[PDB]
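Presented as structure tokens, the chain that follows is alone, the form deposited in one PDB entry.
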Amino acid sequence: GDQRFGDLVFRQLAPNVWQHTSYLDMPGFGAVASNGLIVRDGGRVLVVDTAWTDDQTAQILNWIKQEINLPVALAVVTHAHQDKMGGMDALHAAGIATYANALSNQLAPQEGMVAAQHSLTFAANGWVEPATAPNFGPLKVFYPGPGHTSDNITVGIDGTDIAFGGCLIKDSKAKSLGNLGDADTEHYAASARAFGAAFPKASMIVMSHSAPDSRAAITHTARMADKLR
């Protein structure tokens, strides 16, 4: 079920995996939900994406302390927009090591974000260069190509059926891809397909702006991105 904790919502997805959800009144769009992940790996916790704000991100850390009560070893954030990186200062205040695509860190100042402390780089095939993601445990980080933004990255969780598409993937009944001012309209469709191909056995697709869905989310996104080229 949806566990309400202050203004945030937490949902367990697997024995060691939870979805965090936070909301921001974005004028003209309503109160917009954004999802990220919390993963327990043995005696430590790994976070995927901040909440929209520092205060909300501190509340994620409070929930972790209450429900898991293990240290947060690292966080990885999936592109330089507010829903994914808006709470970076809260993670830094807590002493948590932070990681993002090198390009997200480069873009962070102009997008209004604080950069992560460490930069990920990626091989030509999209998989993270392993030395840039040390001690990531079950998190498998993949750059699918430019799409929702130039810098968007995705994360699979080893030992589960879960892959996280962030804001690249929309649910199987979404009817648009949202704002495309930062989107790569030429390459969006290929990038969405590359994410599905990188995590071929993931049956639960977690995304930023819809509840978890089947693999039909990936093909519907790619179909709609076909219409931007």
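Only residues modelled in both forms are compared. Here, rigid core means the biggest group of C-alpha atoms that superpose within 1.5 Å across both forms. From 1 onward, residues are counted along the sequence shown.
Here the stretch with the larger average CA B-factor, out of 153 to 161 and 75 to 83, is 153 to 161. When the mean C-alpha temperature factors of 189 to 197 and 54 to 62 are read from the deposited coordinates, 189 to 197 comes out higher. Of all the options 45, 174, 167, 32, the entry's greatest CA B-factor is assigned to 174.
When the modelled residues of the chain are ordered by C-alpha B-factor, residue 183 sits in the highest third. Among the modelled residues of its chain, residue 202 has a C-alpha B-factor that falls in the highest third, as given in the PDB entry. In this PDB entry, the Cα temperature factor of residue 37 sits in the bottom third of its chain's modelled residues, the lowest group. Ranked by C-alpha B-factor against the other modelled residues of its chain, residue 141 falls in the lowest third. In this PDB entry, residue 17 carries a Cα temperature factor that places it within the lowest third of its chain's modelled residues.
One more form of this protein should be noted, the form deposited in another entry, which is absent from this view; the next part is about it.
Once both forms are fitted on their core, the CA shift for residue 197 between the shown form and the other one remains under 2 Å. Remark: with the core as the superposition reference, the CA shift of residue 31 between the shown form and the other one stays below 2 Å. Segments displaced between the shown form and the other one are 26 to 30, 110 to 112 (runs of at least 3 consecutive residues, each Cα moved 2 Å or more after rigid core superposition).
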